[PDB]
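This is entry19.pdb. It holds PDB, C-alpha atoms (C1' of nucleotides) and all ligand atoms.
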ATOM      1  CA  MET A   1     220.738  39.176  38.124
ATOM      2  CA  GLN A   2     222.905  42.285  38.676
ATOM      3  CA  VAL A   3     220.992  45.367  39.924
ATOM      4  CA  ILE A   4     221.892  48.840  41.239
ATOM      5  CA  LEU A   5     220.271  49.619  44.619
ATOM      6  CA  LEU A   6     218.430  52.977  44.778
ATOM      7  CA  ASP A   7     216.769  52.871  48.204
ATOM      8  CA  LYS A   8     218.715  51.320  51.100
ATOM      9  CA  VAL A   9     217.636  47.643  51.086
ATOM     10  CA  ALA A  10     218.196  45.485  54.195
ATOM     11  CA  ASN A  11     220.456  42.388  53.911
ATOM     12  CA  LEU A  12     221.837  43.762  50.578
ATOM     13  CA  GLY A  13     223.496  47.199  50.701
ATOM     14  CA  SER A  14     223.068  50.949  50.077
ATOM     15  CA  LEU A  15     222.535  53.413  47.171
ATOM     16  CA  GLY A  16     224.764  52.628  44.162
ATOM     17  CA  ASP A  17     225.803  49.134  45.379
ATOM     18  CA  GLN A  18     226.185  46.578  42.563
ATOM     19  CA  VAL A  19     224.754  43.271  43.854
ATOM     20  CA  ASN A  20     223.730  39.916  42.354
ATOM     21  CA  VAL A  21     220.166  38.932  43.354
ATOM     22  CA  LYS A  22     217.913  36.068  42.271
ATOM     23  CA  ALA A  23     215.943  37.130  39.176
ATOM     24  CA  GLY A  24     212.612  36.648  40.996
ATOM     25  CA  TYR A  25     213.660  39.015  43.811
ATOM     26  CA  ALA A  26     214.531  41.757  41.285
ATOM     27  CA  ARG A  27     211.593  41.181  38.906
ATOM     28  CA  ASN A  28     208.785  40.815  41.461
ATOM     29  CA  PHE A  29     209.916  43.099  44.341
ATOM     30  CA  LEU A  30     212.992  45.360  44.099
ATOM     31  CA  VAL A  31     212.337  46.841  40.621
ATOM     32  CA  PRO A  32     208.486  47.336  40.911
ATOM     33  CA  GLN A  33     208.853  49.000  44.357
ATOM     34  CA  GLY A  34     211.672  51.298  43.108
ATOM     35  CA  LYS A  35     214.315  49.834  45.472
ATOM     36  CA  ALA A  36     216.704  48.737  42.693
ATOM     37  CA  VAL A  37     217.131  49.216  38.937
ATOM     38  CA  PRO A  38     218.671  46.732  36.396
ATOM     39  CA  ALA A  39     222.423  47.328  35.925
ATOM     40  CA  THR A  40     222.045  48.522  32.313
ATOM     41  CA  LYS A  41     224.334  51.544  31.795
TER      42      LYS A  41
ATOM     43  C1'   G B   1     175.254 -26.967 -22.937
ATOM     44  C1'   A B   2     172.295 -29.398 -26.563
ATOM     45  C1'   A B   3     168.218 -33.436 -26.698
ATOM     46  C1'   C B   4     165.054 -37.902 -31.207
ATOM     47  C1'   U B   5     164.780 -37.107 -22.601
ATOM     48  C1'   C B   6     161.958 -45.816 -21.265
ATOM     49  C1'   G B   7     162.768 -50.518 -17.595
ATOM     50  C1'   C B   8     166.264 -53.941 -15.830
ATOM     51  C1'   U B   9     171.102 -56.243 -14.765
ATOM     52  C1'   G B  10     175.943 -55.068 -15.355
ATOM     53  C1'   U B  11     179.945 -51.383 -16.510
ATOM     54  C1'   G B  12     182.036 -46.970 -15.322
ATOM     55  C1'   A B  13     185.426 -40.706 -11.698
ATOM     56  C1'   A B  14     183.154 -46.279  -7.810
ATOM     57  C1'   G B  15     174.641 -44.906  -7.117
ATOM     58  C1'   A B  16     173.436 -44.269 -15.584
ATOM     59  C1'   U B  17     167.421 -41.612 -19.952
ATOM     60  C1'   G B  18     172.353 -41.350 -22.800
ATOM     61  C1'   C B  19     177.881 -47.075 -22.019
ATOM     62  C1'   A B  20     177.126 -53.008 -22.717
ATOM     63  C1'   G B  21     173.662 -56.756 -22.913
ATOM     64  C1'   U B  22     168.723 -57.351 -22.778
ATOM     65  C1'   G B  23     163.416 -56.314 -22.029
ATOM     66  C1'   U B  24     159.479 -53.335 -23.110
ATOM     67  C1'   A B  25     157.458 -49.412 -26.117
ATOM     68  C1'   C B  26     152.107 -46.685 -32.107
ATOM     69  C1'   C B  27     152.103 -40.413 -32.374
ATOM     70  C1'   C B  28     150.193 -36.126 -29.116
ATOM     71  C1'   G B  29     147.476 -33.771 -24.957
ATOM     72  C1'   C B  30     144.581 -32.977 -20.184
ATOM     73  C1'   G B  31     143.784 -33.706 -14.752
ATOM     74  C1'   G B  32     146.487 -35.635 -10.794
ATOM     75  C1'   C B  33     151.059 -37.655  -7.433
ATOM     76  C1'   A B  34     156.089 -36.399  -6.076
ATOM     77  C1'   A B  35     160.159 -41.908  -6.327
ATOM     78  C1'   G B  36     164.477 -40.036  -9.803
ATOM     79  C1'   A B  37     166.601 -36.215 -13.030
ATOM     80  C1'   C B  38     172.734 -36.877  -6.965
ATOM     81  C1'   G B  39     165.757 -31.587  -9.028
ATOM     82  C1'   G B  40     165.708 -25.411  -8.243
ATOM     83  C1'   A B  41     167.577 -21.711  -4.665
ATOM     84  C1'   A B  42     172.670 -19.735  -2.026
ATOM     85  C1'   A B  43     181.035 -20.080  -5.253
ATOM     86  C1'   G B  44     179.046 -25.198   2.430
ATOM     87  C1'   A B  45     177.807 -21.837   7.735
ATOM     88  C1'   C B  46     180.167 -27.976   9.484
ATOM     89  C1'   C B  47     185.518 -29.702   8.514
ATOM     90  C1'   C B  48     190.403 -28.452   6.949
ATOM     91  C1'   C B  49     193.709 -25.095   4.512
ATOM     92  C1'   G B  50     195.747 -19.486   3.731
ATOM     93  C1'   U B  51     202.622 -17.633   7.112
ATOM     94  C1'   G B  52     193.635 -14.446   5.175
ATOM     95  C1'   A B  53     190.275 -10.841   8.210
ATOM     96  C1'   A B  54     187.631  -8.920  12.177
ATOM     97  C1'   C B  55     186.176  -8.152  17.051
ATOM     98  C1'   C B  56     186.901 -10.107  22.142
ATOM     99  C1'   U B  57     190.406 -11.817  26.429
ATOM    100  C1'   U B  58     194.654 -11.887  29.397
ATOM    101  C1'   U B  59     200.091 -12.081  34.762
ATOM    102  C1'   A B  60     201.441 -13.101  25.347
ATOM    103  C1'   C B  61     204.883  -9.082  23.066
ATOM    104  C1'   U B  62     205.686  -4.029  22.031
ATOM    105  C1'   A B  63     203.736   0.607  22.696
ATOM    106  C1'   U B  64     200.655   4.349  24.540
ATOM    107  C1'   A B  65     196.317   8.130  26.842
ATOM    108  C1'   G B  66     195.550   8.499  31.873
ATOM    109  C1'   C B  67     197.296   8.246  36.890
ATOM    110  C1'   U B  68     201.717   8.785  39.869
ATOM    111  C1'   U B  69     207.490   9.973  41.320
ATOM    112  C1'   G B  70     211.491  13.215  41.440
ATOM    113  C1'   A B  71     214.937  17.091  38.946
ATOM    114  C1'   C B  72     215.098  21.851  36.506
ATOM    115  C1'   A B  73     211.946  26.163  34.985
ATOM    116  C1'   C B  74     207.870  29.917  36.177
ATOM    117  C1'   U B  75     210.128  30.758  41.933
ATOM    118  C1'   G B  76     211.195  35.262  46.072
ATOM    119  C1'   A B  77     212.877  37.282  51.333
ATOM    120  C1'   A B  78     215.027  36.719  56.996
ATOM    121  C1'   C B  79     217.947  32.133  60.459
ATOM    122  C1'   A B  80     217.079  27.268  60.963
TER     123        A B  80
HETATM  124  K     K C   1     171.477 -50.551 -23.708
HETATM  125  K     K C   2     159.668 -35.991  -8.129
HETATM  126 MG    MG C   3     173.304 -48.820 -11.945
HETATM  127 MG    MG C   4     151.087 -34.088 -16.909
HETATM  128 MG    MG C   5     152.207 -32.034  -4.820
HETATM  129 MG    MG C   6     170.646 -29.202  -5.727
HETATM  130 MG    MG C   7     183.286 -22.814  -1.701
END
How does the structure come out when it is put into structure tokens?
Amino acid sequence: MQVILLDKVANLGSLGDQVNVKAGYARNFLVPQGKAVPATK
RNA sequence: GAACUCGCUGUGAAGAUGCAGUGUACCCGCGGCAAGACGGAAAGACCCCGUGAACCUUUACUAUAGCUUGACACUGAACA
């Protein structure tokens, strides 16, 4: 799952970095805690 | 089924009131008895048959609930 990082996340990247994560990591952590957003445009 | 519904010895789907031969016997009740009418009752339960049934058994066959195995999914993060 492609997401855009918003907060600086460790072992991933920085603000605006396009990165592929496992869907569970995005769905259950990064998105609900406001660390990433889905790469919608 | 209908009867004007005797004995005997034979004959005969082979154990006869009903056939043959023969013997006996006037017509009709009532009380009794059960030897026979292969008496009545129940489409033999035994026995066999039907490519009949049911339920039961099991290391008969084929399945299958359940139980159990792993893969993928729900399921992610740091090195090992
Ligand atoms: K006679
Ligand atoms: K009798
Ligand atoms: Mg006789
Ligand atoms: Mg009498
Ligand atoms: Mg009597
Ligand atoms: Mg009888
Ligand atoms: Mg019969």
Next on the checklist: List the spatial neighbours of stretch 17-33 of chain A as a PyMOL selection string - criterion: any atom at most 8 Å away, all atoms listed in the file, same-chain residues fewer than 3 positions off excluded.
Outcome noted: (chain A and resi 1-5+12-14+36-39) or (chain B and resi 75-77)
Next on the checklist: Any residue with an atom at most 12 Å from ligand MG 3 (chain C) counts, using all atoms listed in the file. Which are they? Put them as a PyMOL selection string.
Outcome noted: chain B and resi 8-12+14-16+19
Next on the checklist: Please find the residues contacting ligand MG 6 (chain C) at a distance of at most 9 Å between atoms, with all atoms listed in the file counted, and report them as a list in words.
Outcome noted: residues 38, 39, 40 and 41 of chain B
Since we have the selection now, will you write its residues out, keeping C-alpha atoms (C1' of nucleotides), as a PDB file, keeping the file's coordinate frame?
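To be explicit, this is the file written out as again03.pdb:
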ATOM      1  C1'   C B  38     172.734 -36.877  -6.965  1.00  0.00           C
ATOM      2  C1'   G B  39     165.757 -31.587  -9.028  1.00  0.00           C
ATOM      3  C1'   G B  40     165.708 -25.411  -8.243  1.00  0.00           C
ATOM      4  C1'   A B  41     167.577 -21.711  -4.665  1.00  0.00           C
TER       5        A B  41
END
Checklist entry - Could you list, as JSON, numbers by chain, all the residues within 12 Å of ligand MG 4 (chain C), counting only C-alpha atoms (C1' of nucleotides) and all ligand atoms? => result {"B": [29, 30, 31, 32, 33]}
Take the selection from the previous step and output its residues with C-alpha atoms (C1' of nucleotides), as a PDB file, keeping the file's coordinate frame.
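Writing done, so here's selection-v8.pdb:
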ATOM      1  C1'   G B  29     147.476 -33.771 -24.957  1.00  0.00           C
ATOM      2  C1'   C B  30     144.581 -32.977 -20.184  1.00  0.00           C
ATOM      3  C1'   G B  31     143.784 -33.706 -14.752  1.00  0.00           C
ATOM      4  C1'   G B  32     146.487 -35.635 -10.794  1.00  0.00           C
ATOM      5  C1'   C B  33     151.059 -37.655  -7.433  1.00  0.00           C
TER       6        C B  33
END
If the box runs along x, y and z of the file and leaves 4 Å on each side of stretch 15-30 of chain A, what are its centre and edge lengths in Å, one decimal, as JSON?
{"center_x": 217.5, "center_y": 44.7, "center_z": 43.0, "size_x": 25.4, "size_y": 25.3, "size_z": 16.3}
Expand the PyMOL selection byres (((not hetatm)) within 12 of (chain C and resi 7)) into the individual residues it matches in the shown file, reporting them as a PDB file with C-alpha atoms (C1' of nucleotides), in the coordinates of the input.
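Result file follows (out-v1.pdb):
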ATOM      1  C1'   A B  42     172.670 -19.735  -2.026  1.00  0.00           C
ATOM      2  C1'   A B  43     181.035 -20.080  -5.253  1.00  0.00           C
ATOM      3  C1'   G B  44     179.046 -25.198   2.430  1.00  0.00           C
ATOM      4  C1'   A B  45     177.807 -21.837   7.735  1.00  0.00           C
TER       5        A B  45
END
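Of the listed residues (A:34, A:11, A:16, A:40), A:11 comes nearest to chain B; the distances count all atoms listed in the file.
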Item to check | Length of the atom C1' of residue B:20 to atom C1' of residue B:5 vector [Å] | outcome: 20.1 Å
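Our summary of the geometry notes that atom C1' of residue B:6 is positioned 16.1 Å from atom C1' of residue B:21.
Residues of protein, DNA or RNA having any atom at most 7 Å from ligand K 2 (chain C), counting all atoms listed in the file, are residues 34, 35 and 36 of chain B.
The space between atom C1' of residue B:58 and atom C1' of residue B:46 spans 29.4 Å.
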